[PDB]
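Coming up is one lone chain in structure tokens, specifically the form deposited in one PDB entry.
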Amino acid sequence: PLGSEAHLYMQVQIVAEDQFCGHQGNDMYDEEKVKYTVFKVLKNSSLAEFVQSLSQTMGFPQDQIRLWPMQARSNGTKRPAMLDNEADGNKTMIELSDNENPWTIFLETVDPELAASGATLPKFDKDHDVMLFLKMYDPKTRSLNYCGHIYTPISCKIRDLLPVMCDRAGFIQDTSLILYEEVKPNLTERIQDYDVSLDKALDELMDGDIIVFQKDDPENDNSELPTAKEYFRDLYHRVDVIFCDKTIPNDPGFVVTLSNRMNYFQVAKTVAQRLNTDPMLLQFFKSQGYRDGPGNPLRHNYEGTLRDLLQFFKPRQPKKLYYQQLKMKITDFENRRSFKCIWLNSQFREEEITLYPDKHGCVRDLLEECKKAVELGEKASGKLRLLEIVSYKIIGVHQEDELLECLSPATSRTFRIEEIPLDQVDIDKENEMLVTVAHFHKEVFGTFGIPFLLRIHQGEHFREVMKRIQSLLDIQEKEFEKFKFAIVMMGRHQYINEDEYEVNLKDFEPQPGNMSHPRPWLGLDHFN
């Protein structure tokens, strides 16, 4: 509901220097936080009109204020601009603004407690002087402190501005400084020579140009952002990211402020700090694209950037990454192999165990991982072995040299760890041997039960072999009498004379010289 003459008016927004104090961004203020004094003025009204009106409105003499229209430039900045108050004073408000509606103007005034003390709006020769803005960067707090503005002749040399900078910043005089120009977002160029004049020092010298300076100090290197150049590259690339714990359901998460240019290490460090913990103790997850939730694990050595990780979020969603806190160190967690096998205890019973040696490890390592975990029996050896079983037969015993990479548990029950009995520890090598024993009953492919290694002795006779089997095999004499005992090789078997046959060691050795092929074995014929 505009009404008749609304089109002859324009909004003029006046901003006072106190609005610049506290700003951490580029230029002088954040457009979304700035507080304006607003005027509704005739477009065709004059400059002297607005100036006088403003003087009386604001409680300052007209002689004592200066107007610097705010100018939005193609280089990505909005800066205060020069206005000759007299020369242009009879041009119109809409003219002077180049049809910007609203029009923002920086209004310079005097303190005025300093104005009670006599001070005045300074000399400004629009041809030979320049107004500069001064910002001090403190690397310890990583912040910008607004140091106000100066007037200086153009021909004055940078070195001559150092004491004013030191003063406005609370620095003891003759403190060495690094000066930068803030040209635009993501461009802050160090001023290399202090002994040249302002036209040479600054890129393209204008009123409203910004100088950012800092103490030149070795403690600056302790900061995450040691120079203003770095500080501004950081702020230019800042992005807020919600992190959620994957393990904890439904968790809303916490917001962390990061930079798109950060690598794995940097991100880890920041998130690890907000959780009070080692970054090496975290694992992170990529994104699933359009679905919310955790994607694939992010390797500790990831080469990309946070921008690469965040690239799949659409224009407006919350950017969200999932992590998991780790009981252990991530380079170890990644290389950790989960080896599932059977522990066989002193009671001749099977427990399922999962051990985690290093995947580059060997059998000796897996064994001691298991020995750390279990109670051994009674008197016994305190020495362990690893058997490989397929179809309830032992296909072989494994030596500790063997790399773990040489095994593939095609089945969860393929591998068995067991404590070596005392009679078998160091066997008398000439007159006795170990044989694998398995249960079968119709055929020798008919295998079942728990298989085992048995010691047999040369010239020894079978009945006390049957007794040795007895003591271990848990059960009593009746259908242990069902048992008929065989010697098996490959295809076929034959059943030992249950008496009398006296053990001849190698009715059980393979063809002499042949190791690789599976040995003869002792079969047990019974059902279940």
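The first residue of the sequence shown is number 1, and the count goes up from there.
There is also a form deposited in another entry; it is not shown, and the following applies to it.
Rigid-part rearrangement between the shown form and the other one places its hinge, out of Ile487, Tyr236, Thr37, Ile469, at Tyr236. Put simply, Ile330 and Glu224 spread apart in the other form: their C-alpha atoms are 3 Å or more farther than in the form shown. The gap between the Cα atoms of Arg413 and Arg519 is smaller in the other form, by no less than 3 Å, than in this form.
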